[PDB]
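Give the three-dimensional model of this entry:
(2 chains)
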Amino acid sequence: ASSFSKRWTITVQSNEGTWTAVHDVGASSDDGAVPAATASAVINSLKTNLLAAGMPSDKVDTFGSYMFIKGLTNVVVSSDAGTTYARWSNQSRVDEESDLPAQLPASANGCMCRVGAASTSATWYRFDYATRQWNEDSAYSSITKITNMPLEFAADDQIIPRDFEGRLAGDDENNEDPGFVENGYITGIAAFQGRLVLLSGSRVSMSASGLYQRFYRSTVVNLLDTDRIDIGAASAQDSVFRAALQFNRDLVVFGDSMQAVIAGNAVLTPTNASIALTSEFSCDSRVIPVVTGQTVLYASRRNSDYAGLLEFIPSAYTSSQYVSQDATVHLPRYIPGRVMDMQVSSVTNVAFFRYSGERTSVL
Amino acid sequence: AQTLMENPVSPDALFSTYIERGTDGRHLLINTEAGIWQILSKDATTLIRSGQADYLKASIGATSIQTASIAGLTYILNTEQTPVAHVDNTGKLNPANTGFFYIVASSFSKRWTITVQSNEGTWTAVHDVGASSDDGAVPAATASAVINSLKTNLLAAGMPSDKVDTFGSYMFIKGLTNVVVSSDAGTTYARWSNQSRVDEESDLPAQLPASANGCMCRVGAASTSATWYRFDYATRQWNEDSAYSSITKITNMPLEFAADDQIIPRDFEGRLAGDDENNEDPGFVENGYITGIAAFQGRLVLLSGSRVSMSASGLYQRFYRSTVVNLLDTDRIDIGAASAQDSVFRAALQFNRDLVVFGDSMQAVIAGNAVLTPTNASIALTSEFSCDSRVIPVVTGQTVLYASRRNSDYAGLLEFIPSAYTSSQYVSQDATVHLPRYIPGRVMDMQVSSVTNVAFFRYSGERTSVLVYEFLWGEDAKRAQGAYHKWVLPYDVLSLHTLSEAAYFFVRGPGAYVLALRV
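Numbering: from 1, shown residues only, chains lettered A, B, ... in the order given. And now the structure:
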């Protein structure tokens, strides 16, 4: 807003120096006061006073009633004028989203501001001069793109790498890195209901529903559904998840010394997503378990020189209770080495297992 | 190969536990008498001989040391060590000695006034600005000029010059005792702090001079819990922080076993938001004792005298609420359970999908079917039966086998049968009824070889012997085989732990070193 009998002032402080610009506009009765009381004239006069104060001319740009300060080190824009007439950024922090300028000059095509009331998580916004609108974006110096991701087998019979999206909103405090970014290892992949699953060291990460390459929260204002899911589970021994399987209606995640089930009866959101261990039994989770008939058959090592198979019996009364009993008890010394592969022919009710003991044989 | 670890004088003073680190593993080995930790390869080869730590010294060994591995981190806990809390008000200023006055709007025909009252004295500054027609009125009506004139009037009133600082239109008052900044001007023109209390977060100055790098203010509408904010001059922003004189860091916490084979202490975070009224101390801070550790889904569990405390999801060292405005999920969890007898929780176990917490005279289960938040976190007892919870129970087959004392001179084992119909119903029945006088003393250790369906128990009765359990679960959850034979070793056993294929026995060597026996 523009007033008549007001002294306009602005202070700019940074590592380079502190500059103060003061402009005085007279009452409406003064000659040439109505033209000089406009916001554009006041902004131009303030910029001229800032330049005369000693600040370099290559540090301030303006288009209309909006002034942009760039090229400093720790710039903190303030003003002694009232809050009902002018708005400033301080340390790129505004009260609410309505305070964003959305009309900055062309010199500001990447300006970043934080919207909050000093009691909210860091919510960052970026300015796009092309559309004169502010879009949510991750903070400065954040992960934007991750390569070396699993490759893609598209409709055309070609395997090509596909880059995965980085952080898209907030910072590492409210939008934390998923399991496979904080830990450099990825151990197993799966495809649950609409989301890609990337197990990484006892941490389960599920991408967005519609977007399989988005493993970061797309917004920070509200914890949206159909968004990133990042959950973890503790164990008596520091084992990691290696194989995940999609059973009747639940996602069963297997590990070297721990087995867990993820309920899938209802649609899972980041608010209600949780993982709980079922049994911490020794397992050869390196090989993908296969559903045989009505049960899951996964490998195990009963000795350093022999292997075995365990059956993951589902309860016939409760929806998501599972009990595991050994199926190859009567064959202790029958599978030399370790199990290398599992396959099931669902039409003939037969299963084939390839083990490292005899290369020319198959169970 | 015989380890380079010296023999422990006490019969029960050695603690061993296998840790899997990728495709390779390690054999943690701790001598409780001297605290001399030791790390071995997968088969009898020391990697880094961890130096002795006074934290690992305990009067009773092999049973006061508990371990819990979460993510790639492993924490070693000693239950005979009391954590100590530190209160370090380093970057926080005293709220009772600070105040501020900010000017929001400037008027012309207004009398500007401010009053500052404290134990030292009461000071009032009055500045008058004339109408716009007056000579030199537009320059003098600016907020900066008004603030400077008010500061000059305050100094002339008698208040020392070393108590007020200002940068722009913001005034800061420091160095008093019970400073209460007020103003007779309207609320639409100026803002004051009173007793460091503002209406909402928007009223915070965020532009105080450099002299205020730790100013504390409370945001509330006189009907909300104490929410404190701290000012950082470097970023000119206000960040949530705990109140003055609050626990900031707690030492003597369980040590850390990082990816590198070294055991080092790790300090735990203190209070980060609010005060002790809305952000209460967890179980292990209000009570100086810590009894048992566990790692539930994403959170570290620190049982402390019938109180279960779970850290934040992403941060295992944060046992305090990070914010007070809203009860955020994936945050601190602090719950408790009452009992007929004042027993404490000692051992927690992660069963199929639920966390079972055991105690000397009480057993409880924490549901884990759905993700647990501080809003919906609760613990309910299942059965208040006598238990030797000092030893960690182990899952055998489809059930949990935990120790108990049927007599002052003999022990026993109880089976924690899970219901086959309901998700989280458990019934416990004694499993060693047919062997009353068969386990002299008390059970010292439990281990299970999940690949061979065998379990080994070490008891204090015969030091050279070891109890063996063989199990085989058939259809319809019917125990097809139950065996309770006994084994005898030439040397007294100190500790034992199982691996993917073999179980390692650590016996008392005839010389001055313990031997690692595998089978």
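
Only C-alpha atoms from now on, for both contacts and neighbour counts.
Noted.

Identify the residues contacting stretch A:332-344?
A:287-292, A:299, A:301-302, A:304-308, A:350-358 (C-alpha atoms under 8 Å, 6 or more residues apart in numbering or on different chains).

With stretch A:180-194 instead?
Contacts of stretch A:180-194 (C-alpha under 8 Å, 6+ apart): A:196-201, A:203, A:205, A:208-210, A:240-246, A:251.

which of those residues count as buried?
Among these, those classed as buried by neighbour count (16 or more other C-alpha atoms under 10 Å in any protein chain shown) are A:196-201, A:203, A:205, A:208-209, A:240-246, A:251.

Mind checking which of those land in strands?
If you go by DSSP state E, those have A:196-198, A:203, A:205, A:241-246, A:251 in strands.

Make TSV out of the residues you listed and add distance to chain B.
What follows is these, written out as TSV (distance: C-alpha to the nearest C-alpha, whole Å):
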residue	distance to chain B
A:196	20
A:197	17
A:198	15
A:203	8
A:205	13
A:241	11
A:242	11
A:243	15
A:244	16
A:245	17
A:246	17
A:251	13
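
Go ahead and flag the most central residue of chain A.
residue A:216 (1.6 Å; C-alpha atoms, centre = their mean).

for that residue, what are its contacts?
By C-alpha under 8 Å, 6+ apart, the contact set of residue A:216 is A:165-168, A:175-178, A:207, A:228.

how much space between residue A:148 and residue A:286?
With distances taken as C-alpha to C-alpha, to the nearest Å, residue A:148 is found 21 Å from residue A:286.

longest helix of chain A?
helix A:39-53 (DSSP state H).

residues of that one that come out buried?
In helix A:39-53, counting by 16+ other C-alpha under 10 Å, buried: A:39-40, A:42-47, A:49-51.

Now do it: everything it contacts.
Here helix A:39-53 makes contact (C-alpha under 8 Å, 6+ apart) with A:1-2, A:8-10, A:19-23, A:35-36, A:57, A:60, A:62, A:64-67.

let's go with 7 Å and repeat that
With C-alpha atoms under 7 Å, 6 or more residues apart in numbering or on different chains as the test, helix A:39-53 has contacts from A:2, A:19-23, A:36, A:57, A:64-65, A:67.

From these, keep the buried residues only.
For the contacts of helix A:39-53, a burial check counting by 16+ other C-alpha under 10 Å picks out A:19-23, A:36, A:65, A:67.

Show me the two of the residues you listed that sit farthest apart.
Using C-alpha to C-alpha, the pair of these lying farthest apart is A:19 and A:36, separated by 22.7 Å.

where does residue A:327 sit relative to residue B:131, distance-wise?
Counting by C-alpha to C-alpha - residue A:327 and residue B:131 are separated by 96 Å.

Same question for residue A:115.
38 Å.

now do residue A:88
27 Å.

Ok, residue A:251 next?
76 Å.

and what of residue A:286?
When distance is defined by C-alpha to C-alpha, residue A:286 is 84 Å away from residue B:131.

how many other residues sit next to the nearest residue to residue A:70 once chain neighbours are set aside?
In space, and not counting its chain neighbours, residue A:70 is closest to residue A:59: 5.0 Å by C-alpha to C-alpha, 6 or more residues apart in numbering or on different chains. Other residues near residue A:59 come to 12 when the count uses other C-alpha atoms under 10 Å in any protein chain shown.

Could you do residue A:212 as well?
Neighbours of residue A:212 under the rule other C-alpha under 10 Å: 17.

Does it touch residue A:197 like I think?
No: Residue A:212 is beyond contact range of residue A:197, at 9.0 Å (criterion: C-alpha atoms under 7 Å).

Please report phi then psi for the residue nearest to residue A:70.
Residue A:59 adopts backbone torsions of phi -120, psi -10, taken as degrees, to the nearest 10.

any idea how far it is from chain B?
20 Å (C-alpha to the nearest C-alpha, to the nearest Å).

same deal with residue A:177?
Distance from residue A:177 to chain B, by C-alpha to the nearest C-alpha: 10 Å.

so what's residue A:259 bridging to?
Beta-bridge partners of residue A:259, counted by DSSP bridges, are residue A:254, residue A:279.

okay but it is in contact with residue A:276, surely?
No: taking C-alpha under 7 Å as the definition, residue A:259 is not a contact partner of residue A:276, at 8.9 Å.

just how off-centre is stretch A:186-204 within its chain?
Distance of stretch A:186-204 from the chain centroid (C-alpha atoms, centre = their mean, to the nearest Å) equals 15 Å.

okay, how far is it across it, tip to tip?
End to end - C-alpha to C-alpha - stretch A:186-204 spans 10 Å.

quick one on the thing from earlier: can I get the buried ones among the contacts of helix A:39-53 in CSV including distance to chain B?
Output for those, formatted as CSV (distance: C-alpha to the nearest C-alpha, whole Å):
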residue, distance to chain B
A:19, 12
A:20, 10
A:21, 12
A:22, 9
A:23, 9
A:36, 15
A:65, 20
A:67, 19
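
okay if I get these as CSV plus secondary structure?
Listed next are the buried ones among the contacts of helix A:39-53 as CSV, based on DSSP: H, G, I helix; E, B strand; the rest coil:
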residue, secondary structure
A:19, strand
A:20, strand
A:21, strand
A:22, strand
A:23, strand
A:36, helix
A:65, coil
A:67, strand
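
Skipping adjacent residues, who's closest to the closest residue to chain B within the stretch 1-150 of chain A in space?
Nearest residue of the stretch 1-150 of chain A to chain B: residue A:82, at 3.7 Å (C-alpha to the nearest C-alpha). Spatially, and ignoring its direct neighbours in sequence, residue A:82 is nearest to residue B:105 (3.7 Å; C-alpha to C-alpha, 6+ apart).

Counting neighbours, what do you get for the residue of the stretch 151-300 of chain A at minimum distance from chain B?
The minimum distance from the stretch 151-300 of chain A to chain B, using C-alpha to the nearest C-alpha, falls at residue A:278 (2.3 Å). Neighbourhood size, residue A:278 [other C-alpha under 10 Å]: 25.

for the stretch 51-200 of chain A, what spans make up the strands?
Applying DSSP state E, counting those that start in this stretch to the stretch 51-200 of chain A gives strands spanning A:60-62, A:67-69, A:76-78, A:93-94, A:112-115, A:124-128, A:133-136, A:145-146, A:152-153, A:159-160, A:164-165, A:189-191, A:196-198.
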